[PDB]
Structure formats: structure tokens, C-alpha cells
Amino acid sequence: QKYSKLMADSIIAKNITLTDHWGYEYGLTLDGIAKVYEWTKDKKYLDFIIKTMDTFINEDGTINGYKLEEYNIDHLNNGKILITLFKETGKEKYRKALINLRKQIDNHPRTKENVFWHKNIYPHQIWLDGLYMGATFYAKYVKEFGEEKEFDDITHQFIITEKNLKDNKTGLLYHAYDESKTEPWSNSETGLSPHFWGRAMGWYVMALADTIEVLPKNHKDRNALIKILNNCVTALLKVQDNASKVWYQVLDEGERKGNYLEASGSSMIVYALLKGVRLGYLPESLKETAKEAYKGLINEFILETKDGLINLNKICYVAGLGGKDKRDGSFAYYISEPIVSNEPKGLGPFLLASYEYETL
């Protein structure tokens, strides 16, 4: 049973909201639907993608709900689906919208080591999420339109992020880092947030797999990024839940009351395992592990509804650090956020993992 199509059909039929703001998770979900278009060759999937993005992309290429001057790295992620649409349809408005997003990169603020700040409102901060939204989009953009020298910038951002956010003990990477060490959530020694959040690691491993894929084969930092991906996978396999074969919201604290197996991070990790094996970044010996983990996603997180469609359950709706609610990154904080079903932050990665599983 091909869950990529079944889930795509479920998303469309259940009319999951993908149009209420310029949300990174909406492009992510559409990126999953685009894989279903690719293999089915069924225009209804492409048409759904087009119709969804018509909310945002005006004929003149301006983007509803986007403001460049906010310098929000999340706002770049939806450029990835725009690349796909431009390649598929050749429509100029998508290219103009892409030019507008690329202009953000010109002056988006950077840390002392030249990594994009997560947002203007988060000065001096690197969050793992941003590597997927920003650096990874930038890589896809450069592959299509850019100058190859720009890949050096992108790879440097991955390398510096691993240097600053990695825990030497576990090999896992913390959710966020404040170079200025001024945020109350940031460790006075290291600037790091307190915990390993499942979805944050998921963002980083997806970002690695998707970025390495578009690098020139001879790129000077290609092996370094592959090594980082292997190291992340090693670290994640150490904390995989033995019974379920999936991952917890707070990755290394599975025995702690309140923690839970979380669908979006688990799906992202399974996608990266599968894609990493397919492209040769990870050893072929991991194939059965990856397959078993995929089946674990279905077992733990998928339920059939009476109409024969499916729900994806147990998705952390949102998490972050600081901000108006002064989010402190404690265990209690990560457990406090909503757990929801049929949320695009989980749906997209589940579609993508399904596509990779089916391809294997």
C-alpha cells in the first residue's frame, strides 16, 4: 500500500489548511505532494499545488504574507516549491517570486561566523530549523540559477552550526544557540538551549540530505557534510525507541514522564535515513533499520478514518525559544506545546518518507 498517494489524497479530501499565512510547513507539505505528482503523473496533484500557491503568488511575483524586511529565515522555505513549479510550468510569476525571496539573502543578518540569524527578532541566534528553511533553499536556488561559488557560503553554515550546536557526549545537536549568550534559555558557557528536540534534529538531517544532493560532486565541503550526516544518524540511532522504532519529542529522555513519541521529527529522521542510503551517504547496511523505522511511523502515528482516508497523529504543533512568551527550552516547556493531528509540519515529512520508502 503506497502511503504517499493515500496521504496526499487524504490531505486534499480533508481540505487541510495550507493557505492562511506564508508558512514554511505549507511549502513542505506541497513538496511531498510534488513527489506524488512525479510518480503518479496525475495532474490532479500538480493542480492542487498550483491552486494552493495561487493564494500567495500574485501575477507580478509579489508574495502575499511575505515581508522581506522582517528577515525571517522561515519565509524562505516556500521558495523550494516555487522552484519546482517554475521548472514544471515555466510561468514567469514563480521566477519573479523567487527573485524576491533571493533578495532577502543579500542582507539577511549574520552571526560573527557568517551564519544567518534565525530571524531579525532573534539576533545572534542559530536554530537548527533555519538550516532547512534558509541554507537548504539557498542551495536549491543556486543549483538552478546561482553561481556555484555560493555553495561555499551554504556549506560553511552547516559546518559552523555543527561546531556550535553539537553535544560531544551524545553526538546530538541542541535546538538553538545564542552567540551573544543573552537569552535566558541559553547556557552561560555554551550559549546552547537545554534540550535535544526531535523535530529540530529532523530539520537538520533533512537539510543535510537535501543540500548534499545538489552540491557539485567535487565540492570541497561535500565530504564534511556527509560525515556530519553520518554522525547525526549514529547519534539518533542511539536514542531510537527500541519498542516502537521511532523517536521522542525530547530525544534522549524517553523514560521521563510526559515525554512522547513524536511524529514530525520521527518522519523527518526516517526520510533522511532512507534518502541518505539511496544516495550513498549512509551505508547500505542501514536499509533494514530504515524500513523498520518507516513501518514504525505507520504503527505509531497513522489511523484510518471511516472513509478509508488516513490521519497522521502525535505531531508537536509548534516549539521555539524566547519570544513574547519567554519560552525557556526546559523539558516542561517542550511537553507543554500542543500535540495535534493532520498538521503540515508532520504531513510533509511523512509524505517524503513514504516516497523514499516506496522507492527503496
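Numbers for residues come from their place in the sequence shown, where the first is 1.
K.L.:
Mean C-alpha B factor from the entry: is it higher for 253 to 261 or for 266 to 274?
P.N.:
Result of the comparison: 253 to 261.
K.L.:
Please work out which of 183 to 191 and 226 to 234 has the higher mean CA B-factor as recorded in the PDB entry.
P.N.:
It is 183 to 191.
K.L.:
From 211, 100, 161, 78, pick the one with the largest CA B-factor in the entry?
P.N.:
Most elevated C-alpha B-factor of the set, per the entry: 100.
K.L.:
Comparing against every modelled residue in the chain, figure out the third that the C-alpha B-factor of residue 308 lands in (lowest, middle or highest).
P.N.:
Highest third - that is where residue 308 ends up once the chain's C-alpha B-factors are sorted.
K.L.:
When the deposited Cα B-factors of this chain's modelled residues are ordered and cut into thirds, is residue 150 in the lowest, the middle or the highest one?
P.N.:
It falls in the middle third of the chain.
K.L.:
Taking the entry's C-alpha B-factors for this chain, is residue 144 in the lowest, middle or highest third?
P.N.:
Its C-alpha B-factor, which the entry lists for residue 144, ranks in the middle third among residues of this chain.
K.L.:
Comparing residue 10 with the other modelled residues of its chain, is its CA B-factor in the lowest, middle or highest third?
P.N.:
As the PDB entry reports it, the C-alpha B-factor of residue 10 lands in the middle third of its chain.
K.L.:
For residue 325, return the chain-relative third of its C-alpha B-factor as stated in the PDB record: lowest, middle or highest.
P.N.:
According to the entry, residue 325 has a C-alpha B-factor in the chain's highest third.
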